[PDB]
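Here is the structure we will look at, set down as structure tokens.
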Amino acid sequence: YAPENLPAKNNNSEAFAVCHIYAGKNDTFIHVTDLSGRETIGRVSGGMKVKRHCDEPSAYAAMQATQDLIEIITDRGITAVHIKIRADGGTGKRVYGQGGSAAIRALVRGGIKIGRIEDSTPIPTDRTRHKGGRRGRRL
Amino acid sequence: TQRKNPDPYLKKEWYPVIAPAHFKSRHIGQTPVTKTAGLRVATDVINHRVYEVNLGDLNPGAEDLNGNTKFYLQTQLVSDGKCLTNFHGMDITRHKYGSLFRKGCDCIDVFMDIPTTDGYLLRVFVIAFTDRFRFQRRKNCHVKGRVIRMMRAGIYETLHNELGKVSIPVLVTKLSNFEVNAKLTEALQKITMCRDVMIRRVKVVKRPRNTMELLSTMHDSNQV
Amino acid sequence: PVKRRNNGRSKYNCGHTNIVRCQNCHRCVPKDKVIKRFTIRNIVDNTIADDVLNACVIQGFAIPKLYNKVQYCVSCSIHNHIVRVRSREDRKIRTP
RNA sequence: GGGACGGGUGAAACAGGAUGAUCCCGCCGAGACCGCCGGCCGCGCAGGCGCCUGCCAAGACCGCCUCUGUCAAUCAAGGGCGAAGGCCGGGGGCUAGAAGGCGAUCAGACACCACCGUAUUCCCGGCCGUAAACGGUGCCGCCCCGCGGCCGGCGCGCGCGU
Ligand SMILES: CC[C@H]1CN2CCc3cc(OC)c(OC)cc3[C@@H]2C[C@@H]1C[C@H]1NCCc2cc(OC)c(OC)cc21
Ligand SMILES: [Mg+2]
Ligand SMILES: [Mg+2]
Ligand SMILES: [Mg+2]
Ligand SMILES: [Mg+2]
Ligand SMILES: [Mg+2]
Ligand SMILES: [Zn+2]
């Protein structure tokens with residue numbers, strides 16, 4: 001990469017991006033964007049690193065994906081990131097999966113500085129009807 | 001059916017992003033963009049972008065007072081290889097909102113439409129909670145209806161009087177400070193107990209098509 | 001016969017109450033009969049809170065919390081050990 | 001923008017993806033809904049009742065040296081209201097979802113689990129008149145151990161606290 005294809009360097013601060021974590025019950029997504037969300041620097045998923053469907057949201061796959069992503073973004077010239085941790089939401093579980101914490105620790109142990117952290121789960125002030133019926137999943 | 005493509009980051013270049021003069025740290029950061037080709041022009045594509053910035057990073061210090069407020073800015077004009085922004089809206093964080101709530105208390109939420117002298121029309125949202133008297137025998141802290149209506153009326157009056165009509169820069173300064181919250185509380189505290197009183201967020205509904213004099217006004221230190 | 005004086009719910013001075021959905025099976029339950037707990041937890045598990053704080057650049061930053069309310073049905077609370085089947089004399093105890 | 005999977009499950013397989021999906025952001029459209037506060041709180045004859053603002057009529061309770069003077073209680077016949085589903089005639093069409101279709105599981109599975117989906121669910125006018133319509137306890141009236149909590153109104157006392 002030519003120097004103009006990387007962020008400029010200045011002593012006042014460092015290169016700051018924001019990472020979006022999707023800690024779902026069936027998959028994990030690790031996504032890096034600019035300060036706005038209109039550009040994308042690196043995107044990895046847990047299903048690229050396992051052969052078993054039931055292991056896609058596992059922590060191990062999340063860590064492997066995170067290491068690959070930090071490699072890419074470091075090559076692209078990013079050093080610090082903000083965090084946006086998110087669950088499925090939308091009249092759903094509203095509880096994080098097991099890959100989120102693994103992703104966070106993988107970022108921390110990859111020599112990446114941390115800024116701010118916040119919940120981004122989409123929650124409503126009103127509810128459309130969810131699936132299952134009034135007797136629920138009976139099994 | 002898969003194919004490989006060349007790396008798109010070999011034809012990129014970054015721009016800096018700048019904040020208004022109401023704040024100390026005016027370097028938001030940098031944004032990438034693709035070099036102009038055909039009709040695509042970077043100075044046009046990056047024209048309207050929205051950046052969410054925490055108030056504690058715009059004003060270093062006062063972390064315990066500024067860490068739970070975050071407004072976002074929008075670029076209006078690209079010049080000198082750098083992007084200029086103005087106010088677009090304000091909000092608090094989710095954890096603070098969740099922390100505000102407690103069982104046994106009452107919650108009041110109010111919104112009013114507030115126009116400006118510059119042609120912006122804004123909708124604001126105000127939240128309040130009741131508290132416990134110092135020597136209250138009972139555990140619950142609910143109140144009667146007349147008190148509730150007095151509190152709503154006082155909120156409307158205070159909001160009208162302090163924000164009835166004001167320019168964007170003055171409003172931004174007031175929001176950066178917390179004087180509107182202070183007025184809301186001391187007016188309400190005169191009626192009853194007030195656990196918390198603040199502004200949840202500010203939305204912009206309509207603005208004029210051209211804001212050039214306003215942008216030139218917001219982005220210089222001395223005029224304000 | 002009758003097992004509980006409350007008939008398994010907290011319904012006083014009313015005829016009907018609004019319904020809720022169990023968060024596990026999505027069963028419809030009356031609001032007065034559903035089991036409710038409030039939890040407060042850290043976004044980052046406490047094992048790596050120190051690591052995150054060390055990596056944090058800001059000064060004096062505090063770890064945000066999660067504030068959620070969990071609502072479960074009778075069958076799911078028992079299966080997940082949220083409540084326990086008690087003795088005839090211990091059914092009257094109301095303290096936690 | 002970016003480039004290879006994604007969805008879903010106990011585990012899987014049907015539907016989606018180089019015509020660029022999943023993911024990030026911004027705008028647009030339509031129709032439902034009213035969250036955390038929310039409760040041995042409350043209102044209503046019962047059925048039932050929760051966004052902002054405004055309008056209309058109503059109701060029980062307390063306080064009173066205001067008025068009338070038995071005007072009352074309960075009830076065949078008769079009249080009115082009455083969850084959800086359902087029906088007729090008009091509107092609307094987003095979620096879910098009887099019927100139907102399809103993938104799994106099983107000896108079989110036309111069921112439970114997964115996915116798609118019509119009537120219905122929403123509004124107006126009108127029928128039907130049923131529910132574990134339950135406090136499984138009819139309405140009016142008198143006496144009655146002790147302790148405690150909450151809601152509304154009124155009065156007493158003081159060192160003035162809801
Ligand atoms: C309703 C679908 C049934 C289909 N199968 C048969 C094979 C099987 C094997 C399992 O071993 C790993 C298994 O573990 C969860 C589940 C199944 C399902 C069982 C399903 C029957 C269903 N009702 C009876 C008991 C039961 C217990 C269950 O354990 C939680 C279960 O998982 C969702 C489903 C069922
Ligand atoms: Mg079961
Ligand atoms: Mg029995
Ligand atoms: Mg009932
Ligand atoms: Mg109906
Ligand atoms: Mg009966
Ligand atoms: Zn549940």
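Every chain in the structure tokens has a letter given in the order shown (A, B, ...), and although residue numbers restart at 1 in each chain, ligands are simply numbered from 1 in the order shown.
Among all protein and nucleic acid residues, the ones that lie within 12 Å of ligand 5 when counting only C-alpha atoms (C1' of nucleotides) and all ligand atoms are residues 83, 84, 85, 86, 87, 120, 121, 122 and 128 of chain D.
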Please report as JSON lines every residue of chain D lying within 8 Å of chain A, along with the nearest atom pair and their distance in Å (one decimal), using only C-alpha atoms (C1' of nucleotides).
```
{"residue": "D:1", "atom": "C1'", "partner": "A:39", "partner_atom": "CA", "distance": 4.9}
{"residue": "D:2", "atom": "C1'", "partner": "A:40", "partner_atom": "CA", "distance": 6.3}
{"residue": "D:5", "atom": "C1'", "partner": "A:48", "partner_atom": "CA", "distance": 7.6}
{"residue": "D:23", "atom": "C1'", "partner": "A:31", "partner_atom": "CA", "distance": 7.4}
{"residue": "D:24", "atom": "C1'", "partner": "A:37", "partner_atom": "CA", "distance": 5.2}
{"residue": "D:25", "atom": "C1'", "partner": "A:37", "partner_atom": "CA", "distance": 4.6}
{"residue": "D:32", "atom": "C1'", "partner": "A:128", "partner_atom": "CA", "distance": 7.2}
{"residue": "D:33", "atom": "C1'", "partner": "A:126", "partner_atom": "CA", "distance": 5.3}
{"residue": "D:34", "atom": "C1'", "partner": "A:126", "partner_atom": "CA", "distance": 5.9}
{"residue": "D:35", "atom": "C1'", "partner": "A:125", "partner_atom": "CA", "distance": 4.8}
{"residue": "D:95", "atom": "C1'", "partner": "A:128", "partner_atom": "CA", "distance": 5.5}
{"residue": "D:96", "atom": "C1'", "partner": "A:129", "partner_atom": "CA", "distance": 5.7}
{"residue": "D:112", "atom": "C1'", "partner": "A:139", "partner_atom": "CA", "distance": 6.0}
{"residue": "D:113", "atom": "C1'", "partner": "A:139", "partner_atom": "CA", "distance": 6.3}
```
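Residues of protein or nucleic acid lying within 12 Å of ligand 6, counting only C-alpha atoms (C1' of nucleotides) and all ligand atoms, are residues 131, 132, 133, 134, 135, 136, 137 and 138 of chain D.
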Exercise. Could you name the residues that touch residue 17 of chain A at 12 Å or less, counting only C-alpha atoms (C1' of nucleotides), but leaving out those on the same chain fewer than 6 positions away, as a ChimeraX atom specification?
Worked result: /A:7,31-37,39-42,73-74,76-84,112-116 /B:28-32,51-53
Where does chain C meet ligand 2 within 10 Å, residue by residue, with the nearest atom pair and distance in Å to one decimal for each, counting only C-alpha atoms and all ligand atoms, listed by chain and rising number, as a Markdown table?
```
| residue | atom | partner | partner_atom_place_in_ligand_line | distance |
| --- | --- | --- | --- | --- |
| C:75 | CA | ligand 2 | 1 (Mg) | 8.1 |
| C:76 | CA | ligand 2 | 1 (Mg) | 8.8 |
| C:79 | CA | ligand 2 | 1 (Mg) | 8.7 |
```
Could you write those residues out with N, CA, C and O atoms, as a PDB file, in the first residue's frame?
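Result written to again-v6.pdb:
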```pdb
ATOM      1  N   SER C  75     -43.704 -23.605  33.548  1.00  0.00           N
ATOM      2  CA  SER C  75     -43.005 -24.817  33.144  1.00  0.00           C
ATOM      3  C   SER C  75     -41.519 -24.561  32.944  1.00  0.00           C
ATOM      4  O   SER C  75     -40.682 -25.401  33.289  1.00  0.00           O
ATOM      5  N   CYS C  76     -41.175 -23.412  32.367  1.00  0.00           N
ATOM      6  CA  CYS C  76     -39.784 -23.129  32.042  1.00  0.00           C
ATOM      7  C   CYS C  76     -38.990 -22.738  33.281  1.00  0.00           C
ATOM      8  O   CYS C  76     -37.791 -23.019  33.372  1.00  0.00           O
ATOM      9  N   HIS C  79     -38.172 -26.116  34.974  1.00  0.00           N
ATOM     10  CA  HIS C  79     -37.194 -26.887  34.219  1.00  0.00           C
ATOM     11  C   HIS C  79     -35.801 -26.287  34.322  1.00  0.00           C
ATOM     12  O   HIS C  79     -34.808 -27.020  34.279  1.00  0.00           O
TER      13      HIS C  79
END
```
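Each of C:3, C:33, C:26, C:11 was checked against chain A using only C-alpha atoms; the smallest atom-to-atom distance is that of C:26.
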Problem set entry | Filtered DSSP result for segment 23-68 of chain A, state alpha helix (DSSP H), as a PyMOL selection string | chain A and resi 59-68
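One finds atom CA of residue 220 of chain B at 10.3 Å from atom CA of residue 19 of chain B.
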For this session: Using only C-alpha atoms (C1' of nucleotides), determine which residues of chain B fall within 7 Å of chain D; present them as a PyMOL selection string.
Result: chain B and resi 1-3+101+103+105-107+135-136
Residues as selected, N, CA and C atoms, written as an mmCIF file, in the first residue's frame, can you do that?
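The resulting file, out-v3.cif, is reproduced below:
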```cif
data_model
loop_
_atom_site.group_PDB
_atom_site.id
_atom_site.type_symbol
_atom_site.label_atom_id
_atom_site.label_comp_id
_atom_site.auth_asym_id
_atom_site.auth_seq_id
_atom_site.Cartn_x
_atom_site.Cartn_y
_atom_site.Cartn_z
ATOM 1 N N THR B 1 -18.459 -20.879 -9.290
ATOM 2 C CA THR B 1 -18.862 -19.577 -9.898
ATOM 3 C C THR B 1 -18.160 -18.397 -9.229
ATOM 4 N N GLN B 2 -17.165 -18.690 -8.399
ATOM 5 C CA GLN B 2 -16.474 -17.643 -7.663
ATOM 6 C C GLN B 2 -15.405 -17.000 -8.535
ATOM 7 N N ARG B 3 -15.158 -15.718 -8.287
ATOM 8 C CA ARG B 3 -14.111 -14.986 -8.977
ATOM 9 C C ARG B 3 -13.371 -14.108 -7.980
ATOM 10 N N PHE B 101 -34.266 3.860 35.578
ATOM 11 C CA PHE B 101 -35.541 3.309 36.011
ATOM 12 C C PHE B 101 -35.413 2.518 37.306
ATOM 13 N N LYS B 103 -38.255 0.617 40.438
ATOM 14 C CA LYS B 103 -39.616 0.275 40.822
ATOM 15 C C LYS B 103 -40.045 1.074 42.044
ATOM 16 N N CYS B 105 -41.363 4.192 41.660
ATOM 17 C CA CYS B 105 -41.352 5.585 41.254
ATOM 18 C C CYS B 105 -42.273 5.800 40.056
ATOM 19 N N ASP B 106 -42.496 7.070 39.730
ATOM 20 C CA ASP B 106 -43.264 7.473 38.565
ATOM 21 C C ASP B 106 -42.332 8.065 37.518
ATOM 22 N N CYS B 107 -42.689 7.875 36.251
ATOM 23 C CA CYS B 107 -41.913 8.368 35.124
ATOM 24 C C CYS B 107 -42.763 9.310 34.288
ATOM 25 N N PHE B 135 -38.156 12.240 55.224
ATOM 26 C CA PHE B 135 -38.822 11.582 56.346
ATOM 27 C C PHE B 135 -40.171 11.031 55.916
ATOM 28 N N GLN B 136 -40.152 10.137 54.936
ATOM 29 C CA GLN B 136 -41.365 9.525 54.412
ATOM 30 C C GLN B 136 -41.536 8.145 55.035
#
```
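Going from atom CA of residue 88 of chain C over to atom CA of residue 7 of chain C, you cover 15.0 Å.
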For this session: Using only C-alpha atoms (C1' of nucleotides), find which residues of chain D lie within 9 Å of chain C and jot them down as JSON, numbers by chain.
Result: {"D": [36, 40, 42, 47, 48, 49]}
Can you write out the residues you just picked, keeping C-alpha atoms (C1' of nucleotides), as a PDB file, in the first residue's frame?
```pdb
ATOM      1  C1'   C D  36     -38.796  -0.943  30.996  1.00  0.00           C
ATOM      2  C1'   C D  40     -51.540  -8.790  47.880  1.00  0.00           C
ATOM      3  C1'   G D  42     -56.488   1.619  40.952  1.00  0.00           C
ATOM      4  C1'   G D  47     -67.437  -8.421  29.738  1.00  0.00           C
ATOM      5  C1'   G D  48     -62.964  -5.455  30.381  1.00  0.00           C
ATOM      6  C1'   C D  49     -59.438  -0.770  30.846  1.00  0.00           C
TER       7        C D  49
END
```
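Across C:66, C:22, C:82, C:49, the tightest approach to ligand 7 is made by C:22 when counting only C-alpha atoms and all ligand atoms.
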Please produce, as a Markdown table, a per-residue contact table for chain C versus chain A (criterion: any atom at most 10 Å away, only C-alpha atoms considered), showing the nearest atom pair and its distance in Å to one decimal, sorted by chain then residue number.
```
| residue | atom | partner | partner_atom | distance |
| --- | --- | --- | --- | --- |
| C:21 | CA | A:134 | CA | 8.3 |
| C:22 | CA | A:136 | CA | 8.4 |
| C:23 | CA | A:93 | CA | 6.7 |
| C:24 | CA | A:93 | CA | 7.7 |
| C:25 | CA | A:136 | CA | 5.1 |
| C:26 | CA | A:136 | CA | 5.1 |
| C:27 | CA | A:136 | CA | 4.3 |
| C:28 | CA | A:134 | CA | 4.9 |
| C:29 | CA | A:134 | CA | 8.4 |
| C:43 | CA | A:119 | CA | 8.1 |
| C:44 | CA | A:101 | CA | 6.7 |
| C:45 | CA | A:101 | CA | 7.1 |
| C:47 | CA | A:101 | CA | 9.9 |
| C:48 | CA | A:105 | CA | 7.0 |
| C:49 | CA | A:105 | CA | 9.6 |
| C:51 | CA | A:108 | CA | 7.1 |
| C:52 | CA | A:108 | CA | 6.7 |
| C:53 | CA | A:114 | CA | 8.4 |
| C:54 | CA | A:114 | CA | 8.9 |
| C:55 | CA | A:113 | CA | 5.3 |
| C:56 | CA | A:114 | CA | 4.5 |
| C:57 | CA | A:115 | CA | 5.9 |
| C:58 | CA | A:115 | CA | 6.6 |
| C:61 | CA | A:116 | CA | 8.5 |
| C:62 | CA | A:116 | CA | 9.7 |
| C:63 | CA | A:117 | CA | 8.0 |
| C:64 | CA | A:118 | CA | 7.2 |
| C:65 | CA | A:118 | CA | 9.1 |
| C:66 | CA | A:119 | CA | 8.2 |
| C:68 | CA | A:94 | CA | 8.7 |
| C:70 | CA | A:94 | CA | 9.9 |
```
